[PDB]
>>> print(open('target26.pdb').read())   # PDB, C-alpha atoms
ATOM      1  CA  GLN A  19      70.526 129.255 116.913  1.00  0.00           C
ATOM      2  CA  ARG A  20      71.818 127.280 113.912  1.00  0.00           C
ATOM      3  CA  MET A  21      75.631 127.210 113.846  1.00  0.00           C
ATOM      4  CA  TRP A  22      76.009 125.270 110.583  1.00  0.00           C
ATOM      5  CA  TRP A  23      77.972 128.187 109.113  1.00  0.00           C
ATOM      6  CA  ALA A  24      80.948 127.315 111.329  1.00  0.00           C
ATOM      7  CA  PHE A  25      81.025 123.703 110.123  1.00  0.00           C
ATOM      8  CA  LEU A  26      80.714 124.769 106.486  1.00  0.00           C
ATOM      9  CA  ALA A  27      83.232 127.620 106.717  1.00  0.00           C
ATOM     10  CA  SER A  28      85.825 125.380 108.378  1.00  0.00           C
ATOM     11  CA  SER A  29      85.953 123.125 105.319  1.00  0.00           C
ATOM     12  CA  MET A  30      85.689 126.147 103.011  1.00  0.00           C
ATOM     13  CA  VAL A  31      88.714 127.911 104.507  1.00  0.00           C
ATOM     14  CA  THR A  32      90.676 124.650 104.779  1.00  0.00           C
ATOM     15  CA  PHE A  33      90.122 124.016 101.071  1.00  0.00           C
ATOM     16  CA  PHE A  34      90.671 127.585  99.853  1.00  0.00           C
ATOM     17  CA  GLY A  35      93.064 129.538 102.103  1.00  0.00           C
ATOM     18  CA  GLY A  36      95.634 126.735 102.171  1.00  0.00           C
ATOM     19  CA  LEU A  37      95.404 126.461  98.379  1.00  0.00           C
ATOM     20  CA  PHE A  38      95.974 130.219  98.126  1.00  0.00           C
ATOM     21  CA  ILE A  39      99.017 130.155 100.408  1.00  0.00           C
ATOM     22  CA  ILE A  40     100.450 127.201  98.459  1.00  0.00           C
ATOM     23  CA  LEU A  41      99.976 129.216  95.259  1.00  0.00           C
ATOM     24  CA  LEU A  42     101.674 132.226  96.869  1.00  0.00           C
ATOM     25  CA  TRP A  43     104.600 130.065  98.001  1.00  0.00           C
ATOM     26  CA  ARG A  44     104.838 128.672  94.463  1.00  0.00           C
ATOM     27  CA  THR A  45     104.966 132.194  93.014  1.00  0.00           C
ATOM     28  CA  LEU A  46     107.905 133.000  95.319  1.00  0.00           C
ATOM     29  CA  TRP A  93     116.854 115.776 106.279  1.00  0.00           C
ATOM     30  CA  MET A  94     113.259 116.083 105.084  1.00  0.00           C
ATOM     31  CA  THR A  95     114.023 114.087 101.921  1.00  0.00           C
ATOM     32  CA  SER A  96     114.724 110.934 103.948  1.00  0.00           C
ATOM     33  CA  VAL A  97     111.445 111.092 105.873  1.00  0.00           C
ATOM     34  CA  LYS A  98     109.606 112.031 102.659  1.00  0.00           C
ATOM     35  CA  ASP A  99     110.921 108.918 100.907  1.00  0.00           C
ATOM     36  CA  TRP A 100     110.146 106.857 104.018  1.00  0.00           C
ATOM     37  CA  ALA A 101     106.526 108.047 103.976  1.00  0.00           C
ATOM     38  CA  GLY A 102     106.467 107.299 100.252  1.00  0.00           C
ATOM     39  CA  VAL A 103     107.668 103.743 100.791  1.00  0.00           C
ATOM     40  CA  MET A 104     104.950 103.126 103.370  1.00  0.00           C
ATOM     41  CA  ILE A 105     102.304 104.590 101.044  1.00  0.00           C
ATOM     42  CA  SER A 106     103.714 102.731  98.033  1.00  0.00           C
ATOM     43  CA  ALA A 107     101.393 100.159  96.489  1.00  0.00           C
ATOM     44  CA  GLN A 108     104.114  97.491  96.325  1.00  0.00           C
ATOM     45  CA  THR A 109     104.622  97.607 100.100  1.00  0.00           C
ATOM     46  CA  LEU A 110     102.685  95.000 102.065  1.00  0.00           C
ATOM     47  CA  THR A 111     102.293  97.553 104.862  1.00  0.00           C
ATOM     48  CA  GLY A 112     100.746  99.939 102.341  1.00  0.00           C
ATOM     49  CA  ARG A 113      98.276  97.273 101.222  1.00  0.00           C
ATOM     50  CA  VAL A 114      97.270  96.520 104.817  1.00  0.00           C
ATOM     51  CA  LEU A 115      96.940 100.246 105.524  1.00  0.00           C
ATOM     52  CA  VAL A 116      94.702 100.913 102.516  1.00  0.00           C
ATOM     53  CA  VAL A 117      92.552  97.880 103.378  1.00  0.00           C
ATOM     54  CA  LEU A 118      92.154  99.234 106.914  1.00  0.00           C
ATOM     55  CA  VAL A 119      91.297 102.740 105.716  1.00  0.00           C
TER
END
>>> encode(input="target26.pdb", output="structure tokens")
Amino acid sequence: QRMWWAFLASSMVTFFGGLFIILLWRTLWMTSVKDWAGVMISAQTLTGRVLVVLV
């Protein structure tokens, strides 16, 4: 009657299985949006400063 294992295992699989699939992929128009996300999250951007203050 104690379902804590679900809450723990969710974080466990999110941390581990995704890391494993990233490792597997490594062993094997997106640039514009990537740079756009980078320029929001940049420290020099005022929007980035406001966003980190809010978070």
>>> atom_distance(input="target26.pdb", atom1="atom CA of residue A:33", atom2="atom CA of residue A:114")
28.7 Å
>>> atom_distance(input="target26.pdb", atom1="atom CA of residue A:98", atom2="atom CA of residue A:112")
15.0 Å
>>> atom_distance(input="target26.pdb", atom1="atom CA of residue A:113", atom2="atom CA of residue A:99")
17.2 Å
>>> decode(input="target26.pdb", residues="chain A", atoms="C-alpha atoms", output="PDB file, in the first residue's frame")
ATOM      1  CA  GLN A  19       0.000   0.000   0.000  1.00  0.00           C
ATOM      2  CA  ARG A  20       3.118   2.180  -0.317  1.00  0.00           C
ATOM      3  CA  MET A  21       3.757   3.153  -3.949  1.00  0.00           C
ATOM      4  CA  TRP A  22       6.997   5.078  -3.357  1.00  0.00           C
ATOM      5  CA  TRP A  23       8.808   2.689  -5.710  1.00  0.00           C
ATOM      6  CA  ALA A  24       7.049   4.277  -8.695  1.00  0.00           C
ATOM      7  CA  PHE A  25       8.174   7.785  -7.729  1.00  0.00           C
ATOM      8  CA  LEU A  26      11.745   6.620  -7.132  1.00  0.00           C
ATOM      9  CA  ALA A  27      11.958   4.454 -10.260  1.00  0.00           C
ATOM     10  CA  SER A  28      10.658   7.271 -12.468  1.00  0.00           C
ATOM     11  CA  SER A  29      13.653   9.445 -11.593  1.00  0.00           C
ATOM     12  CA  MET A  30      15.959   6.412 -11.707  1.00  0.00           C
ATOM     13  CA  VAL A  31      14.974   5.440 -15.255  1.00  0.00           C
ATOM     14  CA  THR A  32      14.932   9.079 -16.405  1.00  0.00           C
ATOM     15  CA  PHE A  33      18.499   9.506 -15.161  1.00  0.00           C
ATOM     16  CA  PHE A  34      19.862   6.152 -16.350  1.00  0.00           C
ATOM     17  CA  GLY A  35      18.041   4.858 -19.451  1.00  0.00           C
ATOM     18  CA  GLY A  36      18.301   8.193 -21.261  1.00  0.00           C
ATOM     19  CA  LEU A  37      22.008   8.346 -20.401  1.00  0.00           C
ATOM     20  CA  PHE A  38      22.425   4.828 -21.801  1.00  0.00           C
ATOM     21  CA  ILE A  39      20.628   5.648 -25.052  1.00  0.00           C
ATOM     22  CA  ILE A  40      22.706   8.828 -25.431  1.00  0.00           C
ATOM     23  CA  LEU A  41      25.840   6.710 -24.969  1.00  0.00           C
ATOM     24  CA  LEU A  42      24.570   4.214 -27.557  1.00  0.00           C
ATOM     25  CA  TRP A  43      23.846   7.026 -30.023  1.00  0.00           C
ATOM     26  CA  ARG A  44      27.348   8.382 -29.385  1.00  0.00           C
ATOM     27  CA  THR A  45      28.876   4.970 -30.123  1.00  0.00           C
ATOM     28  CA  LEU A  46      27.058   4.921 -33.485  1.00  0.00           C
ATOM     29  CA  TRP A  93      17.206  23.942 -39.647  1.00  0.00           C
ATOM     30  CA  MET A  94      17.851  22.772 -36.089  1.00  0.00           C
ATOM     31  CA  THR A  95      21.049  24.844 -35.869  1.00  0.00           C
ATOM     32  CA  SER A  96      19.084  28.103 -36.101  1.00  0.00           C
ATOM     33  CA  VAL A  97      16.691  27.200 -33.284  1.00  0.00           C
ATOM     34  CA  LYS A  98      19.610  25.802 -31.255  1.00  0.00           C
ATOM     35  CA  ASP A  99      21.473  29.112 -31.513  1.00  0.00           C
ATOM     36  CA  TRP A 100      18.237  30.976 -30.751  1.00  0.00           C
ATOM     37  CA  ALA A 101      17.758  28.959 -27.554  1.00  0.00           C
ATOM     38  CA  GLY A 102      21.413  29.615 -26.755  1.00  0.00           C
ATOM     39  CA  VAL A 103      20.986  33.362 -27.146  1.00  0.00           C
ATOM     40  CA  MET A 104      18.014  33.355 -24.783  1.00  0.00           C
ATOM     41  CA  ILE A 105      19.945  31.268 -22.237  1.00  0.00           C
ATOM     42  CA  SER A 106      23.094  33.363 -22.694  1.00  0.00           C
ATOM     43  CA  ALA A 107      24.215  35.287 -19.622  1.00  0.00           C
ATOM     44  CA  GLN A 108      24.730  38.522 -21.576  1.00  0.00           C
ATOM     45  CA  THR A 109      21.078  38.587 -22.662  1.00  0.00           C
ATOM     46  CA  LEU A 110      18.787  40.689 -20.484  1.00  0.00           C
ATOM     47  CA  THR A 111      16.020  38.158 -21.137  1.00  0.00           C
ATOM     48  CA  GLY A 112      18.329  35.435 -19.836  1.00  0.00           C
ATOM     49  CA  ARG A 113      19.005  37.420 -16.664  1.00  0.00           C
ATOM     50  CA  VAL A 114      15.284  37.966 -16.065  1.00  0.00           C
ATOM     51  CA  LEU A 115      14.616  34.280 -16.740  1.00  0.00           C
ATOM     52  CA  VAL A 116      17.266  33.055 -14.294  1.00  0.00           C
ATOM     53  CA  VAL A 117      16.025  35.503 -11.643  1.00  0.00           C
ATOM     54  CA  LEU A 118      12.498  34.147 -12.117  1.00  0.00           C
ATOM     55  CA  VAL A 119      13.629  30.519 -11.945  1.00  0.00           C
TER      56      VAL A 119
END
